[PDB]
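Asker: below: the sequence, then the experimentally determined structure.
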Amino acid sequence: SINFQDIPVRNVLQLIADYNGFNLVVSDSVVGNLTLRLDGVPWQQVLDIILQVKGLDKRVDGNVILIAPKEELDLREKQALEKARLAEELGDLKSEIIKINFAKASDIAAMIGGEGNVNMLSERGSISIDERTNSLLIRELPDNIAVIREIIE
Amino acid sequence: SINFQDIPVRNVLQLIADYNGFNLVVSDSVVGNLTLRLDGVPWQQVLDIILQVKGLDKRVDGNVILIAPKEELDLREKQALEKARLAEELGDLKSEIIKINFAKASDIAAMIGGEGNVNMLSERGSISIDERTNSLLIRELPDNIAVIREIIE
Amino acid sequence: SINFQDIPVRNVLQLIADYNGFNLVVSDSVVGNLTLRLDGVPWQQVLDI
């Protein structure tokens, strides 16, 4: 039951929203204007063909839908990835000791660390062995300590 | 039954659409204008000769057809490929252990990883062996872990 | 039976088309204009030359 000529994309999207569909929101200046007429069809096909040809991309948070251009979405993703990578690179390190029983600590230190950094499950720390008491002494990010501890337990 | 002189490509395409063919849509400023006259022929030959000589390219989503210049299509494809390659390059790694039975873990670690990175089925992780309990310890993207797990199972 | 002076290439090509030959189409601004006259010959030789 749709026929929109020289209607902004925001307005037709708000119509699709207010038509008993799940609530959706858009950006400030998202796409612009368009013109088309269709009826007697699912929202899936029409919405997707719009968002493919001229329309932008959309994401669902579980309940409601948001629309935006792909440029801002990819920019936000790249920002988040770079933030994660840099925060995991330059962090504050912590040092502590892990007690081992039923296995030799030298074998475990050779498996967790070892030759070269590509194999190592570490970034800019380091394992050492204490043979007298069968223990490991590790210096790394306080987030990698927990996964290492769970695995070697 | 077609004779269109100084008729925009959008208008003749909307005519071909409204002629009981499968619904089709175009971009904002796709091709432009043209002029030709033909009759008593299949839509396949006429549509293809138009889209070859001056017309642009088209894609079908299963039900309806979309038209656009080849430049935007190739640009979209290159964007998608670059996004996939960069996301698979710089991802967050995960580390976990795979238990092996009926085969030696050293042989399997030599087959899955091995000499050089070209042979390896990995990108910027790594296998290690734990001989005491016949196990592998892998650090890679949480998407490659599933295929590796299925194969070595 | 052809004699075209200052006739665009599009027009002589549409003539060769509408002369019971197989349908042909051209681009927007393909070649331009020309002038020549010939008769009693195959379409192959004239079209190719």
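Answerer: That came in fine, so what should we check first? Residues are numbered from 1 along each chain as shown, chains lettered A, B, ... in the order given.
Asker: show me where chain A has strands.
Answerer: Counting by DSSP state E, chain A has these strands, from start to end: A:2-8, A:24-25, A:33-38, A:57-60, A:65-68, A:94-99, A:126-130, A:135-140.
Asker: now those in a markdown table, with mean neighbour count and distance to chain B?
Answerer: The C-beta positions use only the backbone N, C-alpha and C, and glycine is treated the same way. Converted to a markdown table, those look like this (neighbours: other Cβ atoms under 10 Å in any protein chain shown; distance: least, Cβ to the nearest Cβ, whole Å):
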| stretch | mean neighbour count | distance to chain B |
| --- | --- | --- |
| strand A:2-8 | 13 | 13 |
| strand A:24-25 | 15 | 21 |
| strand A:33-38 | 14 | 7 |
| strand A:57-60 | 12 | 12 |
| strand A:65-68 | 18 | 16 |
| strand A:94-99 | 13 | 16 |
| strand A:126-130 | 16 | 13 |
| strand A:135-140 | 18 | 12 |
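Asker: would CSV of the ones you listed with distance to residue A:15 be doable?
Answerer: Shown next, in CSV, are these (distance: least, Cβ to Cβ, whole Å):
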stretch, distance to residue A:15
strand A:2-8, 8
strand A:24-25, 11
strand A:33-38, 12
strand A:57-60, 15
strand A:65-68, 13
strand A:94-99, 55
strand A:126-130, 61
strand A:135-140, 54
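Asker: looking at these, which is nearest to chain C?
Answerer: For those, proximity to chain C was assessed by Cβ to the nearest Cβ; strand A:33-38 is nearest, at 26.0 Å.
Asker: which strands or helices does the closest one pack on?
Answerer: The elements that strand A:33-38 packs onto, with contact taken as 3 or more Cβ pairs under 8 Å, 6 or more residues apart in numbering or on different chains; DSSP states H and E, are strand A:2-8, helix A:9-18, helix A:43-53.
Asker: is the last one in proximity to chain B?
Answerer: Going back to what we said before, that points to helix A:43-53. Yes: Helix A:43-53 lies within reach of chain B by Cβ under 8 Å from any Cβ of the partner chain, at A:45, A:48, A:49, A:52, A:53.
Asker: drop anything exposed from these.
Answerer: Taking 16 or more other Cβ atoms under 10 Å in any protein chain shown as the criterion, what is buried in the residues of helix A:43-53 next to chain B is A:49, A:52, A:53.
Asker: for residue A:60, state which of those is nearest.
Answerer: Ranked by distance to residue A:60 (Cβ to Cβ), these are led by residue A:52 at 17.1 Å.
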